[PDB]
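Structure file model.pdb (PDB, C-alpha atoms) follows.
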ATOM      1  CA  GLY A  24       0.000   0.000   0.000
ATOM      2  CA  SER A  25       1.033   3.713  -0.183
ATOM      3  CA  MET A  26       2.483   3.453   3.418
ATOM      4  CA  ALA A  27       5.007   0.793   2.154
ATOM      5  CA  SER A  28       6.148   3.110  -0.695
ATOM      6  CA  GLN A  29       6.283   6.032   1.803
ATOM      7  CA  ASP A  30       8.589   3.875   4.019
ATOM      8  CA  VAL A  31      11.024   3.463   1.058
ATOM      9  CA  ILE A  32      11.021   7.283   0.474
ATOM     10  CA  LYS A  33      11.553   7.779   4.266
ATOM     11  CA  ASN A  34      14.568   5.381   4.253
ATOM     12  CA  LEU A  35      16.017   7.090   1.120
ATOM     13  CA  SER A  36      15.378  10.575   2.620
ATOM     14  CA  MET A  37      16.959   9.864   6.016
ATOM     15  CA  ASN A  38      20.078   8.231   4.475
ATOM     16  CA  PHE A  39      20.396  11.050   1.874
ATOM     17  CA  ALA A  40      20.248  13.734   4.631
ATOM     18  CA  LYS A  41      22.662  11.914   7.092
ATOM     19  CA  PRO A  42      25.756  14.010   6.136
ATOM     20  CA  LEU A  43      23.939  17.422   6.257
ATOM     21  CA  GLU A  44      25.947  18.521   9.373
ATOM     22  CA  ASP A  45      29.255  17.685   7.520
ATOM     23  CA  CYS A  46      28.057  19.703   4.414
ATOM     24  CA  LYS A  47      27.053  22.696   6.586
ATOM     25  CA  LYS A  48      30.506  22.805   8.301
ATOM     26  CA  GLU A  49      32.444  22.258   4.997
ATOM     27  CA  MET A  50      30.467  24.930   2.993
ATOM     28  CA  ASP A  51      29.355  27.456   5.742
ATOM     29  CA  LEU A  52      25.706  26.805   4.731
ATOM     30  CA  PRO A  53      23.043  28.814   6.631
ATOM     31  CA  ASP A  54      21.049  26.999   9.359
ATOM     32  CA  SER A  55      17.903  27.652   7.127
ATOM     33  CA  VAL A  56      19.011  24.566   5.114
ATOM     34  CA  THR A  57      18.441  22.425   8.267
ATOM     35  CA  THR A  58      14.903  23.930   8.622
ATOM     36  CA  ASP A  59      14.119  23.210   4.910
ATOM     37  CA  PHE A  60      15.315  19.581   5.375
ATOM     38  CA  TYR A  61      13.210  19.114   8.601
ATOM     39  CA  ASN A  62      10.154  20.350   6.579
ATOM     40  CA  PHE A  63      11.150  18.758   3.224
ATOM     41  CA  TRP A  64       8.039  16.453   3.077
ATOM     42  CA  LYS A  65       5.594  18.906   4.770
ATOM     43  CA  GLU A  66       2.622  19.479   2.380
ATOM     44  CA  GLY A  67       2.560  23.116   1.118
ATOM     45  CA  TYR A  68       6.101  23.881   2.453
ATOM     46  CA  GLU A  69       8.118  26.297   0.254
ATOM     47  CA  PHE A  70      11.951  26.334   0.459
ATOM     48  CA  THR A  71      13.890  29.310   1.874
ATOM     49  CA  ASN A  72      16.625  30.085  -0.714
ATOM     50  CA  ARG A  73      19.135  28.610  -3.227
ATOM     51  CA  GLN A  74      21.495  27.481  -0.380
ATOM     52  CA  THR A  75      19.081  24.543   0.188
ATOM     53  CA  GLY A  76      19.956  23.581  -3.423
ATOM     54  CA  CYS A  77      23.689  23.821  -2.567
ATOM     55  CA  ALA A  78      22.997  21.485   0.422
ATOM     56  CA  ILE A  79      21.169  18.988  -1.894
ATOM     57  CA  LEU A  80      24.227  19.010  -4.254
ATOM     58  CA  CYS A  81      26.671  18.477  -1.319
ATOM     59  CA  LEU A  82      24.604  15.525   0.030
ATOM     60  CA  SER A  83      24.383  14.086  -3.533
ATOM     61  CA  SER A  84      28.215  14.392  -3.937
ATOM     62  CA  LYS A  85      28.917  12.683  -0.558
ATOM     63  CA  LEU A  86      26.757   9.714  -1.717
ATOM     64  CA  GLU A  87      28.611   9.770  -5.134
ATOM     65  CA  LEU A  88      25.272  10.495  -6.953
ATOM     66  CA  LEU A  89      26.484  13.540  -8.951
ATOM     67  CA  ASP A  90      28.405  13.757 -12.247
ATOM     68  CA  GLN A  91      31.249  16.281 -12.902
ATOM     69  CA  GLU A  92      28.725  18.952 -14.142
ATOM     70  CA  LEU A  93      26.771  18.624 -10.795
ATOM     71  CA  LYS A  94      23.930  16.796 -12.608
ATOM     72  CA  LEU A  95      22.338  13.628 -11.173
ATOM     73  CA  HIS A  96      24.040  10.369 -12.242
ATOM     74  CA  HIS A  97      20.818   8.508 -13.222
ATOM     75  CA  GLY A  98      22.322   5.002 -12.829
ATOM     76  CA  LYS A  99      23.880   5.718  -9.409
ATOM     77  CA  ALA A 100      20.581   7.343  -8.246
ATOM     78  CA  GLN A 101      18.613   4.236  -9.355
ATOM     79  CA  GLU A 102      21.012   1.959  -7.450
ATOM     80  CA  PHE A 103      20.873   4.181  -4.332
ATOM     81  CA  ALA A 104      17.045   3.762  -4.282
ATOM     82  CA  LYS A 105      17.380  -0.067  -4.646
ATOM     83  CA  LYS A 106      19.909  -0.245  -1.762
ATOM     84  CA  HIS A 107      17.244   1.473   0.460
ATOM     85  CA  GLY A 108      14.429  -0.996  -0.461
ATOM     86  CA  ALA A 109      13.051   0.282  -3.810
ATOM     87  CA  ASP A 110      12.387  -2.489  -6.322
ATOM     88  CA  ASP A 111      13.924  -1.900  -9.807
ATOM     89  CA  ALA A 112      10.552  -0.583 -11.183
ATOM     90  CA  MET A 113      10.100   1.871  -8.288
ATOM     91  CA  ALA A 114      13.768   3.005  -8.582
ATOM     92  CA  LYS A 115      13.334   3.590 -12.355
ATOM     93  CA  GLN A 116      10.068   5.536 -11.673
ATOM     94  CA  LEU A 117      11.874   7.776  -9.114
ATOM     95  CA  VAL A 118      14.745   8.533 -11.564
ATOM     96  CA  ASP A 119      12.178   9.214 -14.372
ATOM     97  CA  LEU A 120      10.396  11.728 -12.058
ATOM     98  CA  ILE A 121      13.721  13.527 -11.377
ATOM     99  CA  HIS A 122      14.610  13.450 -15.122
ATOM    100  CA  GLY A 123      11.181  14.916 -16.101
ATOM    101  CA  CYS A 124      11.676  17.663 -13.492
ATOM    102  CA  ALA A 125      15.245  18.426 -14.732
ATOM    103  CA  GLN A 126      13.948  18.658 -18.374
ATOM    104  CA  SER A 127      11.322  21.229 -17.095
ATOM    105  CA  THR A 128      14.160  23.140 -15.260
ATOM    106  CA  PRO A 129      16.984  24.075 -17.732
ATOM    107  CA  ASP A 130      19.998  25.841 -16.027
ATOM    108  CA  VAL A 131      19.497  29.152 -17.891
ATOM    109  CA  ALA A 132      21.133  31.062 -14.961
ATOM    110  CA  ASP A 133      24.341  28.899 -14.704
ATOM    111  CA  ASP A 134      23.322  28.341 -11.026
ATOM    112  CA  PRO A 135      23.476  24.606 -10.179
ATOM    113  CA  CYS A 136      22.184  25.428  -6.640
ATOM    114  CA  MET A 137      18.979  27.228  -7.788
ATOM    115  CA  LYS A 138      18.458  24.662 -10.636
ATOM    116  CA  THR A 139      18.798  21.788  -8.107
ATOM    117  CA  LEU A 140      16.343  23.489  -5.676
ATOM    118  CA  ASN A 141      13.791  23.922  -8.529
ATOM    119  CA  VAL A 142      14.242  20.223  -9.540
ATOM    120  CA  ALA A 143      13.736  19.238  -5.853
ATOM    121  CA  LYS A 144      10.512  21.355  -5.598
ATOM    122  CA  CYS A 145       9.181  19.654  -8.775
ATOM    123  CA  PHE A 146      10.219  16.166  -7.480
ATOM    124  CA  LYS A 147       8.565  16.868  -4.075
ATOM    125  CA  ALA A 148       5.279  17.805  -5.865
ATOM    126  CA  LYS A 149       5.362  14.583  -8.008
ATOM    127  CA  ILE A 150       5.994  12.460  -4.837
ATOM    128  CA  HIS A 151       3.032  14.086  -3.014
ATOM    129  CA  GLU A 152       0.888  13.458  -6.171
ATOM    130  CA  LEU A 153       1.758   9.694  -5.867
ATOM    131  CA  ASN A 154       1.042   9.700  -2.048
ATOM    132  CA  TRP A 155       4.719   8.569  -1.662
ATOM    133  CA  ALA A 156       5.698  11.471   0.691
ATOM    134  CA  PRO A 157       6.383  10.182   4.248
ATOM    135  CA  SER A 158       5.219  12.238   7.308
TER     136      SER A 158
END
I'd like the structure from this file rewritten - as structure tokens, please.
Amino acid sequence: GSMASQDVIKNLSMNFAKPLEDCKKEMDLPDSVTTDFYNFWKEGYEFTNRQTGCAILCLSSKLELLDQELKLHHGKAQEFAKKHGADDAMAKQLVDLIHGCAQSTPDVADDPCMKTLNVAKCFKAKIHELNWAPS
């Protein structure tokens, strides 16, 4: 049921966010990133600023999920989902959601942080639409 899928997204989310303290101390990120992460799955929550996108990129890099251009490595992202309990179909669906969001969010501003935050907002909305967002 939707609760089982939510549990996969919870496991993914918690493991993804584990190194946030390390990222904050390495990059001098504002404490607003920690607030945005606490509220990441809260329905109707809007993110604070582009530094939350920088935090998402730092967490992605620590988990070796980014390519050299700071874009998601689709294969590594799929495998990350499977290691946290996604079946191959669910993992492929999650990567397709991120890919669709990235195609809707070209990096016109040469700002990987703001582009990443916009992709994350789009991904969050798609996950709520599927009732896959954990409380």
Please put the answer as JSON: centre and edge lengths, in Å with one decimal, of a box along x, y and z that encloses all listed atoms of region 65-79 of chain A plus 6 Å on each side.
{"center_x": 13.1, "center_y": 24.5, "center_z": 0.7, "size_x": 33.1, "size_y": 23.2, "size_z": 20.2}
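Residues with any atom within 10 Å of the point (27.3, 16.1, -0.1), counting all atoms listed in the file, are residues 39, 40, 41, 42, 43, 44, 45, 46, 47, 49, 50, 77, 78, 79, 80, 81, 82, 83, 84, 85, 86, 87, 88 and 89 of chain A.
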I'd like the residues picked by the PyMOL selection byres ((chain A and resi 76) around 12) written out as a PyMOL selection string, using the chain letters and numbers from the file. chain A and resi 46+52-53+55-57+59-60+70-75+77-83+93+134-144
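Taking all atoms listed in the file into account, residue 29 (chain A) lies nearest to A:64 out of the set A:69, A:64, A:112, A:123.
Within 12 Å of residue 148 (chain A), once all atoms listed in the file are used and residues closer than 6 positions along the same chain are dropped, the contacting residues are residues 63, 64, 65, 66, 67, 68, 69, 120, 121, 124, 141, 142, 154, 155 and 156 of chain A.
The space separating CA of residue 130 (chain A) from CA of residue 145 (chain A) comes to 14.4 Å.
Considering the residues A:62, A:35, A:54, A:132 and counting all atoms listed in the file, residue 100 (chain A) has its shortest atom-to-atom contact with A:35.
Across the model, the gap from CA of residue 37 (chain A) to CA of residue 99 (chain A) is 17.4 Å.
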Contacts of residue 153 (chain A) at 12 Å (only C-alpha atoms; same-chain gap of 5+ positions) as a ChimeraX atom specification: /A:24-26,28-29,32,113,116-117,120,146-148
